[PDB]
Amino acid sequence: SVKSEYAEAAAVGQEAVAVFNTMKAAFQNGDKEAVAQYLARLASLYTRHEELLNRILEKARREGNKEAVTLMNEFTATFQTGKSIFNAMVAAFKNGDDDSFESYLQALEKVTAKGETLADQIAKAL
(Lines of atoms letter the chains of each structure in order from A and count residues from 1; the text may use other names and numbers.)
(Lines give C-alpha, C1' and ligand atoms only; values in the text may rest on other atoms or scores of the structure.)
Protein backbone atom coordinates (compact mmCIF):
# COMPACT_ATOMS: atom_id res chain seq x y z
CA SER A 1 0.00 0.00 0.00
CA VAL A 2 1.04 3.62 -0.17
CA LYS A 3 1.26 3.50 3.63
CA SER A 4 3.82 0.68 3.55
CA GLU A 5 5.66 2.51 0.80
CA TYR A 6 5.79 5.58 3.08
CA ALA A 7 7.18 3.46 5.94
CA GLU A 8 9.88 2.24 3.56
CA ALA A 9 10.56 5.86 2.59
CA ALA A 10 10.69 6.84 6.25
CA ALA A 11 13.32 4.20 6.98
CA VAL A 12 15.54 5.42 4.16
CA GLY A 13 15.20 8.90 5.68
CA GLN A 14 16.30 7.55 9.07
CA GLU A 15 19.28 5.88 7.41
CA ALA A 16 20.34 9.30 6.12
CA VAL A 17 20.00 10.76 9.61
CA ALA A 18 22.21 8.00 10.97
CA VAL A 19 24.88 8.44 8.29
CA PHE A 20 24.67 12.23 8.59
CA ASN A 21 25.43 12.05 12.31
CA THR A 22 28.47 9.81 11.78
CA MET A 23 29.58 12.19 9.04
CA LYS A 24 29.26 15.18 11.40
CA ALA A 25 31.46 13.43 13.97
CA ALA A 26 34.03 12.63 11.27
CA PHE A 27 34.06 16.23 10.05
CA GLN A 28 34.64 17.51 13.57
CA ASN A 29 37.52 15.02 14.01
CA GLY A 30 39.11 16.05 10.70
CA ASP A 31 38.78 12.62 9.07
CA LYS A 32 38.19 13.98 5.57
CA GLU A 33 38.53 10.56 3.92
CA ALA A 34 35.55 9.34 5.95
CA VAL A 35 33.60 12.52 5.28
CA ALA A 36 34.05 12.07 1.53
CA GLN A 37 32.67 8.54 1.67
CA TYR A 38 29.76 9.49 3.95
CA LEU A 39 28.87 12.39 1.63
CA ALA A 40 28.70 9.98 -1.32
CA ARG A 41 26.52 7.61 0.71
CA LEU A 42 24.20 10.45 1.78
CA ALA A 43 23.87 11.53 -1.86
CA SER A 44 22.61 8.08 -2.77
CA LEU A 45 20.26 7.97 0.21
CA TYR A 46 18.77 11.38 -0.57
CA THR A 47 18.36 10.46 -4.24
CA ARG A 48 16.53 7.28 -3.21
CA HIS A 49 14.37 9.07 -0.62
CA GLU A 50 13.36 11.73 -3.15
CA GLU A 51 12.32 9.03 -5.65
CA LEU A 52 10.17 7.19 -3.12
CA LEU A 53 8.58 10.47 -2.05
CA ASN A 54 7.64 11.41 -5.60
CA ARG A 55 6.09 8.00 -6.18
CA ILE A 56 4.08 8.40 -2.97
CA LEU A 57 2.89 11.89 -3.94
CA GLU A 58 1.94 10.75 -7.45
CA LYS A 59 0.00 7.81 -5.98
CA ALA A 60 -1.78 10.04 -3.45
CA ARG A 61 -2.78 12.24 -6.42
CA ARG A 62 -4.13 9.28 -8.41
CA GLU A 63 -6.07 8.18 -5.30
CA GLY A 64 -7.60 11.65 -4.92
CA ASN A 65 -6.33 11.84 -1.31
CA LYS A 66 -6.45 15.63 -1.19
CA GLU A 67 -5.16 15.97 2.36
CA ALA A 68 -2.22 13.66 1.69
CA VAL A 69 -1.39 15.56 -1.52
CA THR A 70 -1.39 18.91 0.35
CA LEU A 71 0.93 17.59 3.04
CA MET A 72 3.20 15.83 0.53
CA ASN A 73 3.46 18.99 -1.62
CA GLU A 74 4.54 20.95 1.46
CA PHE A 75 6.94 18.20 2.54
CA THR A 76 8.54 17.75 -0.88
CA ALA A 77 9.14 21.52 -1.03
CA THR A 78 10.95 21.35 2.31
CA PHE A 79 12.90 18.31 1.06
CA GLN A 80 14.17 20.41 -1.87
CA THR A 81 15.46 23.05 0.57
CA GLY A 82 17.37 20.31 2.31
CA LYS A 83 18.73 19.00 -0.98
CA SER A 84 19.95 22.47 -1.99
CA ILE A 85 21.68 22.95 1.36
CA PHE A 86 23.18 19.46 1.09
CA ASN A 87 24.61 20.19 -2.34
CA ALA A 88 26.09 23.44 -1.02
CA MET A 89 27.70 21.47 1.82
CA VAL A 90 29.21 19.02 -0.69
CA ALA A 91 30.59 21.99 -2.64
CA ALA A 92 32.01 23.51 0.54
CA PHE A 93 33.77 20.22 1.19
CA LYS A 94 35.22 20.14 -2.33
CA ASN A 95 36.44 23.73 -1.87
CA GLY A 96 37.96 23.13 1.57
CA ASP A 97 35.69 25.83 3.05
CA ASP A 98 35.12 24.48 6.55
CA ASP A 99 33.27 27.59 7.74
CA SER A 100 30.67 27.16 5.03
CA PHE A 101 30.51 23.42 5.69
CA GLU A 102 29.77 24.03 9.38
CA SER A 103 27.05 26.52 8.44
CA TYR A 104 25.35 24.28 5.88
CA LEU A 105 25.58 21.31 8.24
CA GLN A 106 23.68 23.17 10.95
CA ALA A 107 21.09 24.47 8.48
CA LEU A 108 20.42 20.99 7.09
CA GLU A 109 19.89 19.76 10.66
CA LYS A 110 17.31 22.50 11.24
CA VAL A 111 15.49 21.80 7.95
CA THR A 112 15.34 18.07 8.68
CA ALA A 113 14.04 18.51 12.22
CA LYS A 114 11.37 21.03 11.22
CA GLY A 115 10.04 18.67 8.55
CA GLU A 116 9.42 15.90 11.07
CA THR A 117 6.04 17.00 12.43
CA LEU A 118 4.88 17.15 8.80
CA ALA A 119 6.58 13.82 8.09
CA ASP A 120 4.67 12.25 10.97
CA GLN A 121 1.48 13.95 9.73
CA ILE A 122 1.84 12.35 6.30
CA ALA A 123 2.12 8.87 7.79
CA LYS A 124 -1.32 9.33 9.35
CA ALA A 125 -2.98 10.82 6.26
CA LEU A 126 -2.11 8.18 3.66
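Whichever C-alpha set is largest while still superposing within 1.5 Å between the two forms counts as the rigid core. Start at 1 and count along the sequence shown; that's the residue number.
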{"property": "Stretch departing more from the displayed form, 117-125 or 3-11, Cα RMS in 9 other deposited structures of this protein (core fit)", "result": "117-125"}
{"property": "Per the entry, higher mean C-alpha B factor between 114-122 and 10-18", "result": "114-122"}
{"property": "Chain thirds of CA B-factor: placement of residue 91", "result": "lowest"}
{"property": "Chain thirds of CA B-factor: placement of residue 27", "result": "lowest"}
{"property": "Assigned third (lowest, middle, highest) for the C-alpha B factor of residue 52", "result": "highest"}
{"property": "CA B-factor ranking of residue 63, expressed as a third of its chain", "result": "middle"}
{"property": "Entry-reported Cα temperature factor of residue 38, expressed as the chain third it lands in", "result": "highest"}
